[PDB]
Structure formats: structure tokens, C-alpha cells
$ cat target02.cif   # mmCIF, C-alpha atoms
data_upload
#
loop_
_atom_site.group_PDB
_atom_site.id
_atom_site.type_symbol
_atom_site.label_atom_id
_atom_site.label_comp_id
_atom_site.auth_asym_id
_atom_site.auth_seq_id
_atom_site.Cartn_x
_atom_site.Cartn_y
_atom_site.Cartn_z
ATOM 1 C CA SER A 500 43.231 73.406 136.318
ATOM 2 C CA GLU A 501 43.100 76.907 134.851
ATOM 3 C CA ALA A 502 45.453 77.950 137.661
ATOM 4 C CA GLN A 503 47.965 75.240 136.773
ATOM 5 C CA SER A 504 47.684 76.331 133.142
ATOM 6 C CA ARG A 505 49.140 79.717 134.142
ATOM 7 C CA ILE A 506 52.443 78.294 135.459
ATOM 8 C CA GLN A 507 52.868 75.382 133.052
ATOM 9 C CA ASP A 508 51.646 75.486 129.424
ATOM 10 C CA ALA A 509 54.317 77.724 127.931
ATOM 11 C CA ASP A 510 52.921 80.242 125.454
ATOM 12 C CA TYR A 511 54.107 79.370 121.949
ATOM 13 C CA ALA A 512 53.887 83.003 120.801
ATOM 14 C CA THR A 513 57.064 84.125 122.565
ATOM 15 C CA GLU A 514 58.760 80.731 122.242
ATOM 16 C CA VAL A 515 58.632 80.676 118.434
ATOM 17 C CA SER A 516 59.994 84.228 118.277
ATOM 18 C CA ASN A 517 62.820 83.221 120.612
ATOM 19 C CA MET A 518 63.571 80.201 118.419
ATOM 20 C CA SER A 519 63.687 82.334 115.271
ATOM 21 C CA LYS A 520 65.948 84.910 116.918
ATOM 22 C CA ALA A 521 68.273 82.214 118.264
ATOM 23 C CA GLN A 522 68.536 80.521 114.867
ATOM 24 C CA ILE A 523 69.276 83.852 113.168
ATOM 25 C CA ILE A 524 71.970 84.608 115.749
ATOM 26 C CA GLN A 525 73.478 81.147 115.247
ATOM 27 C CA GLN A 526 73.624 81.660 111.477
ATOM 28 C CA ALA A 527 75.269 85.050 111.992
ATOM 29 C CA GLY A 528 77.746 83.469 114.394
ATOM 30 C CA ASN A 529 78.739 80.816 111.875
ATOM 31 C CA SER A 530 79.135 83.491 109.200
ATOM 32 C CA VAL A 531 81.324 85.692 111.385
ATOM 33 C CA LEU A 532 83.385 82.688 112.493
ATOM 34 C CA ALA A 533 84.112 81.913 108.847
ATOM 35 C CA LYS A 534 84.937 85.553 108.101
ATOM 36 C CA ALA A 535 87.263 85.774 111.110
ATOM 37 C CA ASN A 536 89.053 82.586 110.076
ATOM 38 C CA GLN A 537 89.367 84.217 106.632
ATOM 39 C CA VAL A 538 91.567 86.999 108.087
ATOM 40 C CA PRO A 539 95.047 85.561 108.842
ATOM 41 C CA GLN A 540 96.302 84.645 105.340
ATOM 42 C CA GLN A 541 97.082 88.326 104.774
ATOM 43 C CA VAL A 542 100.237 87.446 106.718
ATOM 44 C CA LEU A 543 101.109 84.863 104.067
ATOM 45 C CA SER A 544 100.447 87.623 101.546
ATOM 46 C CA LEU A 545 103.049 89.629 103.482
ATOM 47 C CA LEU A 546 105.517 86.754 103.286
ATOM 48 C CA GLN A 547 105.258 86.878 99.463
ATOM 49 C CA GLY A 548 105.974 83.163 99.170
ATOM 50 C CA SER B 500 94.675 82.413 125.726
ATOM 51 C CA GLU B 501 94.659 85.928 124.284
ATOM 52 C CA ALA B 502 97.032 87.045 127.050
ATOM 53 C CA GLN B 503 99.461 84.236 126.227
ATOM 54 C CA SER B 504 99.190 85.244 122.578
ATOM 55 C CA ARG B 505 100.210 88.819 123.403
ATOM 56 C CA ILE B 506 103.559 87.600 124.830
ATOM 57 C CA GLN B 507 104.487 84.863 122.344
ATOM 58 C CA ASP B 508 103.588 84.908 118.641
ATOM 59 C CA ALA B 509 106.083 87.302 117.082
ATOM 60 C CA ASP B 510 104.452 89.887 114.841
ATOM 61 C CA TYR B 511 105.310 88.811 111.302
ATOM 62 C CA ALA B 512 105.153 92.397 110.010
ATOM 63 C CA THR B 513 108.329 93.365 111.856
ATOM 64 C CA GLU B 514 109.999 89.998 111.262
ATOM 65 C CA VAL B 515 109.717 90.174 107.467
ATOM 66 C CA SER B 516 111.242 93.668 107.440
ATOM 67 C CA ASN B 517 114.032 92.511 109.754
ATOM 68 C CA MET B 518 114.741 89.562 107.454
ATOM 69 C CA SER B 519 114.887 91.870 104.433
ATOM 70 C CA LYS B 520 117.284 94.187 106.273
ATOM 71 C CA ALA B 521 119.492 91.271 107.305
ATOM 72 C CA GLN B 522 119.620 89.831 103.784
ATOM 73 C CA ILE B 523 120.469 93.237 102.303
ATOM 74 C CA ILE B 524 123.266 93.738 104.840
ATOM 75 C CA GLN B 525 124.592 90.243 104.153
ATOM 76 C CA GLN B 526 124.730 90.779 100.386
ATOM 77 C CA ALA B 527 126.229 94.265 100.698
ATOM 78 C CA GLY B 528 128.864 93.006 103.122
ATOM 79 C CA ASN B 529 129.770 90.172 100.772
ATOM 80 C CA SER B 530 130.198 92.670 97.933
ATOM 81 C CA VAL B 531 132.315 94.977 100.098
ATOM 82 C CA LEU B 532 134.448 92.005 101.150
ATOM 83 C CA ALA B 533 135.033 91.223 97.478
ATOM 84 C CA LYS B 534 136.044 94.844 96.860
ATOM 85 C CA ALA B 535 138.376 94.833 99.868
ATOM 86 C CA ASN B 536 140.128 91.706 98.619
ATOM 87 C CA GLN B 537 140.283 93.338 95.168
ATOM 88 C CA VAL B 538 142.098 96.398 96.589
ATOM 89 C CA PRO B 539 145.587 95.075 97.516
ATOM 90 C CA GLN B 540 147.124 94.084 94.158
ATOM 91 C CA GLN B 541 147.962 97.704 93.377
ATOM 92 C CA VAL B 542 151.079 96.825 95.375
ATOM 93 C CA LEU B 543 151.893 94.218 92.731
ATOM 94 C CA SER B 544 151.139 96.912 90.155
ATOM 95 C CA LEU B 545 153.921 99.005 91.708
ATOM 96 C CA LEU B 546 156.497 96.246 91.320
ATOM 97 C CA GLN B 547 155.973 96.236 87.518
ATOM 98 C CA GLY B 548 156.712 92.511 87.366
#

$ encode --input "target02.cif" --output "C-alpha cells"
Amino acid sequence: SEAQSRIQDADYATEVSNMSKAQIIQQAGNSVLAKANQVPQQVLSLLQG
Amino acid sequence: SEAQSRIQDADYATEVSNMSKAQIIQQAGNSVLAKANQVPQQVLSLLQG
């Protein structure tokens, strides 16, 4: 049983850190997606209309 | 998709300048045409009639 515990029974210590890092990266990705979509309208500024 | 963008999708920066150039030439040519049609009647001026 202790043997089987070493292949199954994922250690939460690394898993929670991975979850936090993934969520942070997802938030950053949403932010940068918004900021990138905020770029083009400078061309409308060029059009001056 | 980026590759297809690099072939289509005219750069607006050059297009706006080209449009400004074309409009300026059009207006200047119209004015010069008016002047050219305003030239001839000196021949009537000669006739003194």
C-alpha cells in the first residue's frame, strides 16, 4: 500500500503551486489580449475621421 | 494567417498619404484648368469691341 502511494496520491504541495502559476499566467494572458486588441485604433486616429 | 496578412491588408499609413497627394493634385489641377480657360480672352481684348 505504501508502494502504491508513491505512484498514485499526487502531492498537493507542487499541484497547488502549479495551479497558482497557471491562474496568474491566464490572468496575464487576458490582460495582454485586451492590450493587444487596444492597439489598432491608432489607424483610425491616422484617418482623422 | 500572419503570412496571408503580409500580402493583403494594405498599410493605411501609405494609403492616407497617397489619398492626400491625389486630392491636392486634383484641386490644383482644377485651379490650373480654371486659369487656362481664363487666359484666352486677351484675344477679345485686342479686338477692342

$ interface_residues --input "target02.cif" --of "chain A" --to "chain B" --cutoff "10 Å" --atoms "all atoms listed in the file" --output "number ranges by chain"
A: 542-543, 545-547

$ calpha_fit_and_write --input "target02.cif" --fixed "chain A" --moving "chain B" --output "PDB file with C-alpha atoms, keeping the file's coordinate frame"
ATOM      1  CA  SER B 500      43.154  73.223 136.280  1.00  0.00           C
ATOM      2  CA  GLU B 501      43.160  76.725 134.807  1.00  0.00           C
ATOM      3  CA  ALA B 502      45.474  77.871 137.611  1.00  0.00           C
ATOM      4  CA  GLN B 503      47.925  75.061 136.862  1.00  0.00           C
ATOM      5  CA  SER B 504      47.726  76.037 133.200  1.00  0.00           C
ATOM      6  CA  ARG B 505      48.721  79.621 134.014  1.00  0.00           C
ATOM      7  CA  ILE B 506      52.043  78.422 135.520  1.00  0.00           C
ATOM      8  CA  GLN B 507      53.027  75.666 133.077  1.00  0.00           C
ATOM      9  CA  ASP B 508      52.204  75.677 129.356  1.00  0.00           C
ATOM     10  CA  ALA B 509      54.725  78.064 127.827  1.00  0.00           C
ATOM     11  CA  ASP B 510      53.134  80.626 125.531  1.00  0.00           C
ATOM     12  CA  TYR B 511      54.066  79.521 122.020  1.00  0.00           C
ATOM     13  CA  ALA B 512      53.928  83.096 120.694  1.00  0.00           C
ATOM     14  CA  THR B 513      57.063  84.087 122.596  1.00  0.00           C
ATOM     15  CA  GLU B 514      58.752  80.719 122.065  1.00  0.00           C
ATOM     16  CA  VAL B 515      58.547  80.862 118.264  1.00  0.00           C
ATOM     17  CA  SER B 516      60.065  84.359 118.237  1.00  0.00           C
ATOM     18  CA  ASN B 517      62.810  83.228 120.617  1.00  0.00           C
ATOM     19  CA  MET B 518      63.572  80.261 118.358  1.00  0.00           C
ATOM     20  CA  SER B 519      63.774  82.543 115.321  1.00  0.00           C
ATOM     21  CA  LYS B 520      66.128  84.882 117.189  1.00  0.00           C
ATOM     22  CA  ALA B 521      68.321  81.980 118.290  1.00  0.00           C
ATOM     23  CA  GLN B 522      68.523  80.510 114.785  1.00  0.00           C
ATOM     24  CA  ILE B 523      69.395  83.905 113.293  1.00  0.00           C
ATOM     25  CA  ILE B 524      72.139  84.434 115.881  1.00  0.00           C
ATOM     26  CA  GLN B 525      73.486  80.937 115.252  1.00  0.00           C
ATOM     27  CA  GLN B 526      73.699  81.441 111.484  1.00  0.00           C
ATOM     28  CA  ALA B 527      75.184  84.933 111.796  1.00  0.00           C
ATOM     29  CA  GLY B 528      77.772  83.701 114.284  1.00  0.00           C
ATOM     30  CA  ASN B 529      78.732  80.849 111.977  1.00  0.00           C
ATOM     31  CA  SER B 530      79.212  83.323 109.126  1.00  0.00           C
ATOM     32  CA  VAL B 531      81.280  85.654 111.313  1.00  0.00           C
ATOM     33  CA  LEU B 532      83.397  82.696 112.434  1.00  0.00           C
ATOM     34  CA  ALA B 533      84.058  81.884 108.782  1.00  0.00           C
ATOM     35  CA  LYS B 534      85.074  85.501 108.153  1.00  0.00           C
ATOM     36  CA  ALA B 535      87.344  85.522 111.208  1.00  0.00           C
ATOM     37  CA  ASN B 536      89.128  82.388 110.022  1.00  0.00           C
ATOM     38  CA  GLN B 537      89.350  83.991 106.560  1.00  0.00           C
ATOM     39  CA  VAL B 538      91.129  87.067 107.992  1.00  0.00           C
ATOM     40  CA  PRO B 539      94.601  85.760 109.001  1.00  0.00           C
ATOM     41  CA  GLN B 540      96.208  84.744 105.683  1.00  0.00           C
ATOM     42  CA  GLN B 541      97.054  88.359 104.888  1.00  0.00           C
ATOM     43  CA  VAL B 542     100.132  87.505 106.956  1.00  0.00           C
ATOM     44  CA  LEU B 543     101.005  84.877 104.352  1.00  0.00           C
ATOM     45  CA  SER B 544     100.298  87.547 101.738  1.00  0.00           C
ATOM     46  CA  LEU B 545     103.043  89.660 103.329  1.00  0.00           C
ATOM     47  CA  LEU B 546     105.632  86.903 103.017  1.00  0.00           C
ATOM     48  CA  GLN B 547     105.186  86.860  99.206  1.00  0.00           C
ATOM     49  CA  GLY B 548     105.935  83.135  99.101  1.00  0.00           C
TER      50      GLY B 548
END

$ axis_aligned_box --input "target02.cif" --around "stretch 504-514 of chain B" --padding-each-side "4 Å" --output "AutoDock Vina command-line options"
--center_x 104.6 --center_y 89.1 --center_z 117.4 --size_x 18.8 --size_y 16.5 --size_z 22.8

$ atom_distance --input "target02.cif" --atom1 "atom CA of residue A:525" --atom2 "atom CA of residue A:506"
29.3 Å

$ atom_distance --input "target02.cif" --atom1 "atom CA of residue B:539" --atom2 "atom CA of residue B:526"
21.5 Å

$ atom_distance --input "target02.cif" --atom1 "atom CA of residue A:537" --atom2 "atom CA of residue A:518"
28.6 Å

$ decode --input "target02.cif" --residues "stretch 500-540 of chain B" --atoms "C-alpha atoms" --output "mmCIF file, in the first residue's frame"
data_model
loop_
_atom_site.group_PDB
_atom_site.id
_atom_site.type_symbol
_atom_site.label_atom_id
_atom_site.label_comp_id
_atom_site.auth_asym_id
_atom_site.auth_seq_id
_atom_site.Cartn_x
_atom_site.Cartn_y
_atom_site.Cartn_z
ATOM 1 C CA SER B 500 -2.805 33.738 -41.155
ATOM 2 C CA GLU B 501 0.026 36.177 -40.469
ATOM 3 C CA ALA B 502 1.590 35.264 -43.822
ATOM 4 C CA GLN B 503 -1.671 35.983 -45.644
ATOM 5 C CA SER B 504 -1.850 39.272 -43.757
ATOM 6 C CA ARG B 505 1.602 40.277 -45.014
ATOM 7 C CA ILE B 506 0.405 40.068 -48.655
ATOM 8 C CA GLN B 507 -3.090 41.568 -48.388
ATOM 9 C CA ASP B 508 -4.090 44.296 -45.922
ATOM 10 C CA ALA B 509 -2.730 47.497 -47.436
ATOM 11 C CA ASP B 510 -0.776 49.593 -44.954
ATOM 12 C CA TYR B 511 -3.042 52.529 -44.141
ATOM 13 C CA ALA B 512 -0.075 54.808 -43.395
ATOM 14 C CA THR B 513 0.934 54.950 -47.055
ATOM 15 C CA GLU B 514 -2.660 54.961 -48.305
ATOM 16 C CA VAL B 515 -3.662 58.073 -46.348
ATOM 17 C CA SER B 516 -0.636 59.973 -47.674
ATOM 18 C CA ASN B 517 -1.406 58.810 -51.214
ATOM 19 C CA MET B 518 -5.006 59.987 -50.837
ATOM 20 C CA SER B 519 -3.833 63.386 -49.594
ATOM 21 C CA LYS B 520 -1.444 63.681 -52.546
ATOM 22 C CA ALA B 521 -4.180 62.721 -55.003
ATOM 23 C CA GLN B 522 -6.669 65.205 -53.548
ATOM 24 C CA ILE B 523 -4.085 68.004 -53.617
ATOM 25 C CA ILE B 524 -3.235 67.243 -57.251
ATOM 26 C CA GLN B 525 -6.925 67.142 -58.153
ATOM 27 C CA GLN B 526 -7.645 70.534 -56.582
ATOM 28 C CA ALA B 527 -4.514 72.138 -58.037
ATOM 29 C CA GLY B 528 -5.321 70.781 -61.488
ATOM 30 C CA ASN B 529 -8.860 72.124 -61.263
ATOM 31 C CA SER B 530 -7.494 75.558 -60.354
ATOM 32 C CA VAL B 531 -4.968 75.459 -63.202
ATOM 33 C CA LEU B 532 -7.739 74.431 -65.601
ATOM 34 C CA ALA B 533 -9.730 77.467 -64.481
ATOM 35 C CA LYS B 534 -6.695 79.689 -65.082
ATOM 36 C CA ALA B 535 -6.102 78.159 -68.516
ATOM 37 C CA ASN B 536 -9.692 78.836 -69.543
ATOM 38 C CA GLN B 537 -9.290 82.358 -68.121
ATOM 39 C CA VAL B 538 -6.252 83.019 -70.359
ATOM 40 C CA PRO B 539 -7.726 83.250 -73.902
ATOM 41 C CA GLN B 540 -9.958 86.353 -73.776
#
